[PDB]
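Visitor: Sharing a structure here in structure tokens format.
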Amino acid sequence: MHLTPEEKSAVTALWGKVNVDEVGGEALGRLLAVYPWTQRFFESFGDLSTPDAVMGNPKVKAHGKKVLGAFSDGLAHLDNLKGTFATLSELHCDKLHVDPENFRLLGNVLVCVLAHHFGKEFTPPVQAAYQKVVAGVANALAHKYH
Amino acid sequence: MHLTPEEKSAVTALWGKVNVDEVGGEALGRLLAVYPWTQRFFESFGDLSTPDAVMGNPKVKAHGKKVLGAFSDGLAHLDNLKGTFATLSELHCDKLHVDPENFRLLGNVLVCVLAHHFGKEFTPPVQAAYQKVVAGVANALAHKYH
Amino acid sequence: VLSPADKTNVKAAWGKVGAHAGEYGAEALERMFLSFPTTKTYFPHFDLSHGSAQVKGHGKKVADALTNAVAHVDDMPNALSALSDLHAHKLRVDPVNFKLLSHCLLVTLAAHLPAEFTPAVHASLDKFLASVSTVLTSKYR
Amino acid sequence: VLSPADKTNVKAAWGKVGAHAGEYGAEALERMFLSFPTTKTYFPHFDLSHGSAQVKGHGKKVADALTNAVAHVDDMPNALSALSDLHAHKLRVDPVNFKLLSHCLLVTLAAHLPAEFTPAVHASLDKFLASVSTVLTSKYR
Ligand code: HEM
Ligand code: HEM
Ligand code: HEM
Ligand code: HEM
């Protein structure tokens, strides 16, 4: 996590404009639809057969919001991601058995989502700050795997 | 490193039995033959048209010895690979323009050479500690890229 | 493999790119240089400064090639043969970097085509870039 | 694309494996589990302890499939249809993992077939495991 002060300000200024409810649902839905293999963890979510079925599924929307919720909290402790995410890392490993590569795919999808929403405001340099952040979060979420 | 005293001792003790001269030439040559695209940095070495030609090339064998040389000395600063490879990291970036991915290909080749050489001796637990060292080394070497 | 749906999606999204392909190509490069600095090792000879004409020039070349693969969506291996040879034999770009550029291309399109960058289209464009990448890397060994 | 030299090299090396493929299957899994602990996420239902019959059994299963692949080196896609299916629609193992088992498989052959694990044979086996990996993840999306 080599976030220069200016990189950190930029992450924070944009995150100010995000509707986590909204972004959360879009990022999760899009993951399930671009990398269908990731659907393996959600067979109790119901119908994920098409993008419409995925994007609109009330369960996916609700889970996305939860996920981004935890992510937002992360953004307030950019200094201590490992600490912030420790119990969550243990849970994903020990209970959910989620392959950490999943954390990197979601990060990329999230970046595309931010680009989708902010248009021209998601400048090359802002993307680079967010790339460091999604990677820092994925690493923090994988730190307790064993 | 995140090596266990037990893991440190296993690394350390096998290394003691290594002929860097021979392992160095074989690791680098295997690299050039399995992943032919790594040859882009060694045009001045000559003919690498065949495995035979690669494995026989003295320029290769000699470069291989230089590389394991440096690696070998890094095994003595296992608690600060970053600090040990700082200048080598800048060099690789700024002068040589070597993509850090190459460091990971070599690491894996290195491990195959060790297994090749030590058979029985190179047990799952021992490979595990070596995998952590090669990753650690590659990360250290890539640390100064910008 | 790309399905009829995929093909339709791609031709559609790429259709919208039209005349901006060049600029989107340059933008994808810059994003890539900034987010994945290791990719820079392949352009030691380039001026990578913001607004570099070398980057502009290069962005266009990449965009023309993608435009060419869309025009020949049913015969990409052949449509891209030459580029596949160049990359395998001269440039020798490590395979992992294709995924990085692909990613930056997707961000760029997302940033420019909000109405078209639907979940369905996103999925199709991702499979497409993956296929282009596969072709360009096919003759590596 | 496997060249004829490659197909030869592979068949030779695998030829020497013989009645030990199962043990080598098992050993490669054990090495994967220890070196890349993230791979264990796919086997929560297994006893991953050393010498576990679950691991041994699975080791045989994998080895057998490789055999069948060497045997149909010319028609992999067809010889592995079912397996491609299973992985794409049921197991849904993330593609990065294939590279990890392939590597632990080389390491294992190397440690067991010294004379045979020449540089040229090493190159061939790698390509082969790569193609096998491609086949198994081809119907993912
Ligand atoms: C930014 C990365 C992520 C964060 C911050 C995150 C956060 C969370 C949180 C806060 C929960 C609920 C905890 C609980 O149930 O006590 C959860 C559960 C879960 N997460 Fe993650 N998650 C992330 C990524 C992922 C990904 C990428 C996947 C799968 C591809 C995943 C799979 C799951 C599953 C399957 C559950 C349990 C759902 C249920 O209640 O059945 N997570 N996650
Ligand atoms: C284990 C990881 C590596 C280590 C410790 C390492 C170390 C070294 C050292 C000590 C030198 C001597 C140069 C000097 O001091 O001026 C060198 C040079 C060089 N290395 Fe690396 N290296 C590593 C990996 C690689 C890889 C994987 C490649 C490319 C496949 C590479 C390409 C080169 C080249 C092209 C040179 C310059 C040799 C010359 O001047 O002809 N290195 N390296
Ligand atoms: C789908 C992705 C890609 C496409 C369509 C593409 C296409 C092209 C084209 C059309 C050219 C110019 C050839 C000419 O001179 O006529 C080129 C050159 C080049 N590409 Fe690729 N490429 C791709 C991926 C990559 C990646 C990922 C890298 C490295 C990060 C890369 C590095 C290069 C380099 C170094 C050159 C030579 C540039 C020069 O010296 O002018 N390419 N590529
Ligand atoms: C080299 C490529 C691979 C081959 C040839 C292969 C082959 C097989 C075979 C033959 C089976 C058993 C089918 C049956 O039960 O009838 C299987 C199942 C399975 N494979 Fe794959 N596999 C490969 C890669 C992987 C990887 C890398 C992973 C995960 C890290 C994996 C995860 C699984 C799992 C979880 C099962 C089911 C285990 C069980 O519940 O019994 N496979 N594979």
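Residue positions begin at 1 at the first shown residue.
Method reported for this entry: X-ray crystallography, 2.2 Å.
Each Cβ is built from the backbone N, Cα and C atoms, and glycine gets one as well.
According to Swiss-Prot, the feature heme b binding site maps to B:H63, B:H92. Marked as glycation site by Swiss-Prot: B:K8, B:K17, B:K66, B:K120, B:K144. The phosphoserine annotation in Swiss-Prot covers B:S9, B:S44. Here Swiss-Prot flags B:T12, B:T50, B:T87 as phosphothreonine. Marked as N6-acetyllysine by Swiss-Prot: B:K59, B:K82, B:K144. Annotation source Swiss-Prot lists S-nitrosocysteine at B:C93, citing experimental evidence. Among the features that Swiss-Prot reports, site 'Not glycated' is placed at B:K59, B:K82, B:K95, with the record citing experimental evidence.
Situate these features within the shown structure.
Guide: B:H92 (heme b binding site) carries a helical DSSP state (H, G or I).
Under 8 Å, Cβ to Cβ, and six or more positions away along its own chain, B:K8 (glycation site) finds B:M1, B:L78, B:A129.
The Cβ neighbour count for B:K17 (glycation site), using a 10 Å radius and every protein chain shown, is 9.
Counting Cβ atoms from all protein chains shown, B:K66 (glycation site) has 12 others lying within 10 Å of its own Cβ.
DSSP assigns B:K120 (glycation site) to a helix in the three-state reduction. On its own chain, B:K120 (glycation site) has no residue at least 6 apart in sequence with a Cβ closer than 8 Å to its own Cβ.
When secondary structure is read from DSSP and collapsed to three states, B:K144 (glycation site) falls in the coil class.
Reduced to three states, the DSSP call for B:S9 (phosphoserine) is helix. Counting only same-chain residues six or more apart in sequence, none has a Cβ lying under 8 angstroms from the Cβ of B:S9 (phosphoserine).
Applying an 8 A CB threshold to same-chain residues 6+ apart, the list for B:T12 (phosphothreonine) reads B:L75.
Taking the Cβ of B:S44 (phosphoserine) as centre and 10 Å as the limit, one finds 6 other Cβ atoms among all the protein chains shown.
For the recorded site, B:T50 (phosphothreonine), the DSSP three-state label reads coil. Counting every protein chain shown, the number of other Cβ atoms lying within 10 Å of the Cβ of B:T50 (phosphothreonine) is 12.
Secondary structure from DSSP puts B:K59 (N6-acetyllysine) in a helix.
Counting only same-chain residues six or more apart in sequence, the Cβ atoms lying under 8 angstroms from the Cβ of B:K82 (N6-acetyllysine) belong to B:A140, B:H143. DSSP classifies B:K82 (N6-acetyllysine) as helix under the three-state reduction.
Taking Cβ-Cβ distances under 8 Å and a sequence gap of 6 or more within the same chain, B:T87 (phosphothreonine) has no neighbours at all.
For B:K144 (glycation site), other Cβ atoms within 10 Å of its Cβ number 17.
For B:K59 (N6-acetyllysine), the same-chain residues that are 6 or more apart in sequence and have a Cβ closer than 8 Å to its Cβ are B:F42, B:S44, B:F45, B:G46.
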Visitor: Name the one residue among B:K17, B:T50, B:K66, B:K144 whose Cα is closest in three-dimensional space to that of B:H92 (heme b binding site); these are the recorded positions.
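Guide: Comparing Cα positions, the closest of these recorded positions turns out to be B:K144.
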Visitor: Just to be sure I understand: of B:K17, B:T50, B:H63, B:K66, which recorded positions have a C-alpha no more than 10 angstroms from the C-alpha of B:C93 (S-nitrosocysteine)?
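Guide: So the list is empty; none.
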Visitor: At 10 angstroms around each C-beta, which of the recorded positions B:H63, B:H92, B:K95 has the fewest other C-beta atoms nearby?
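Guide: Sparsest of the recorded positions B:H63, B:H92, B:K95 by Cβ contacts within 10 Å: B:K95.
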Visitor: Across all chains shown, how many C-beta atoms besides its own are within 10 angstroms of the C-beta of B:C93 (S-nitrosocysteine)?
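Guide: Other Cβ atoms found within 10 Å: 22.
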Visitor: Given B:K66 (glycation site) and B:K17 (glycation site), what distance in Å do their CA atoms have, once rounded to a whole number?
Guide: 18
